[PDB]
Structure formats: C-alpha cells, structure tokens
Amino acid sequence: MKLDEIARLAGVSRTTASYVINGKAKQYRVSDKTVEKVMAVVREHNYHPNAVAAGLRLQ
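Structure representation (structure tokens):
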C-alpha cells in the first residue's frame with residue numbers, strides 16, 4: 001500500500017498522506033483533520049516507513 005494509494009484512499013496528496021504515514025501530521029498542517037482521515041488508512045493497510053530513521057536523541 002504505497003504512499004500514492006494511501007493518499008487517494010484516505011483523501012489527500014502523496015505528501016499530505018506522507019505526513020500521516022510517519023506520524024508527522026502536526027509537524028506539517030494536518031494536526032487532526034487528516035490524522036483520523038489518513039491515519040485510519042495508513043493503519044488499515046499497516047503501511048509504515050523502513051528501518052534506520054533520524055532520531056537518536058528523541059528527547
């Protein structure tokens with residue numbers, strides 16, 4: 001379930017859905033509106049990013 005389908009199935013764009021796939025919605029401009037909208041599809045299909053991601057400190 002690539003970014004493309006998750007965007008069309010949820011109802012956003014290849015990047016707006018990209019926000020929702022990585023859990024970055026608030027960082028961009030989809031604080032909730034697209035979270036439940038696109039996250040419901042990202043988690044329905046279980047689509048997640050690959051290993052090794054920037055965040056060694058993470059607070």
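Residue numbers (PDB author numbering): 1 to 59. Using N, Cα and C, we set each Cβ at its ideal position, and we do this for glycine too.
Query raised in the report: Can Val35 and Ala10 be called in contact, C-beta distance under 7 Å?
Result: Position 35 of the sequence shown holds residue 35. Position 10 of the sequence shown holds residue 10. At a Cβ-Cβ threshold of 7 Å, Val35 and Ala10 do not count as neighbours.
Query raised in the report: Ends of the alpha helix (DSSP H) at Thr34?
Result: The residue given as residue 34 occupies position 34 in the sequence shown. First-last for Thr34: undefined, no H or E at that position.
Requested in this report: Report all residues from its chain with a CB closer than 7 Å to the CB of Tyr47; omit the five preceding and five following residues, and keep chain order.
Outcome: One-based indexing of the sequence shown puts residue 47 at position 47. Around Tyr47: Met1, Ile6, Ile21.
Report task. With hydrogens ignored, establish whether the beta-carbon of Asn50 is closer than 6 Å to any heavy atom of the ligand NAP. Result -> For the ligand NAP, the structure offers nothing, since it holds no ligand at all.
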